[PDB]
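# Architecture and fold: a report
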Amino acid sequence: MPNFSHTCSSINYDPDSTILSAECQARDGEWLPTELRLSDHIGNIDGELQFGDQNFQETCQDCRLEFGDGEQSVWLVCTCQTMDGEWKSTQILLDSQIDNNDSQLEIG
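Keep in mind that residues are numbered from 1 along each chain as the sequence reads, not by the entry's scheme, and that residues without coordinates are left out. Side-chain measures were taken over the full set of non-hydrogen atoms in the model, leaving aside hydrogen atoms and water.

Going by the header, the method for this PDB entry is solution NMR.

Following this line, the structure appears as structure tokens:
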């Protein structure tokens, strides 16, 4: 269902504190800024990235968003260390079971 793309603009993601910042329009038509911490639903699992877990940037580096053919989407890729200590590249699409209300930001 709907995502924070068209509803919000100026998608920012700091790789240190992993916080997503973007301006969204409220029901009153007013524009406000919102922040979100993915670490809450993203953790490391034997070298892979999955939803439901937490604490991932601590064991991962080079996190960066990537725009596809249409700037209406950005994709999250990060290198996460494995339990043996090896480094591997994983990928994950934020667009999915996540959405933002007109004036509030909460999972759908």
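Only DSSP runs of H or I reaching four residues or more are called helices, and only runs of E reaching two or more are called strands; each is numbered from the N terminus. When helices and strands are tallied, the chain shows zero helices and eight strands. Traced from its N-terminal end to its C-terminal end, the chain shows the element sequence β-β-β-β-β-β-β-β. Principal axes of the C-alpha set define a box for the chain whose edges measure 50 × 30 × 25 Å. Each of the 108 residues in the chain was classed as buried or not, and the buried ones make up 31%. Residues count as neighbours in contact if any of their non-hydrogen atoms are within 4.5 Å of one another. In the chain, of all internal contacts separated by at least 6 residues, the share reaching a separation of at least 24 is 30%. Computed over 4 positive and 21 negative side-chain charges, the separation of the two mean positions in the chain equals 2 Å. For every residue, the accessible area (1.4 Å probe, protein chains only) is compared with the maximum for its type, and the residue is labelled buried under 20%, exposed over 50%, or partly exposed between those bounds. We score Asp and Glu as negative and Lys and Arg as positive, and we do not count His or the chain ends. One atom stands in for each charge, and that atom is NZ of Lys, CZ of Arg, CG of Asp or CD of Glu.

This next bit is on the sheet that holds strand β3 (residues 31–37). A pair of strands counts as paired when DSSP detects no fewer than two bridges linking them. The three strands are arranged β1-β2-β3 in an open sheet whose pairing can be described as antiparallel. Both outer strands of the open sheet, β1 (8–14) and β3, are each paired with one neighbouring strand and no more. Going across the sheet, the axis of each strand differs from the next one's by a mean of 20°, ignoring polarity. As paired strands, β1 and strand β2 (residues 19–25) are joined by five bridges and run antiparallel to one another. When the sheet's bridge partners are listed, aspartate 14 is paired in β2 with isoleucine 19. Here, axes are lines fitted to C-alpha atoms. For helices the fit covers the stretch in contact, and angles between N-to-C directions go from 0 to 180 degrees.

UniProt positions are given in the numbering used here, feature names are shortened, and annotations may be inferred rather than shown by experiment. The positions UniProt marks with the feature "domain: Cyanovirin-N" (unreviewed entry) are residues 3–107. Along residues 3–107 the backbone is 0% helical and 49% strand, and the end-to-end C-alpha distance reaches 10 Å.

Right, let's get into the pattern of salt bridges. For this document, the term salt bridge refers to a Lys or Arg side-chain nitrogen within 4 Å of an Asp or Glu carboxyl oxygen. Per the stated rule, a full pass over the model turns up two salt bridges. A salt bridge links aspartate 102 to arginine 27; the shortest N-O distance between them is 2.5 Å. In this pair, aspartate 102 is assigned in the segment after β8 (87–92) and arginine 27 in the loop between β2 and β3, connecting sequence segments 75 residues apart. Residue classification places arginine 27 among the exposed positions, given a relative accessible area of 61%.

Next up on the list: the side chain of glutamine 57. As for its placement among the helices and strands, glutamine 57 is situated in the loop between β5 (48–51) and β6 (60–67). Excluding residues that lie within four positions of it along the chain, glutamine 57 makes contacts with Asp16, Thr18 and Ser39.

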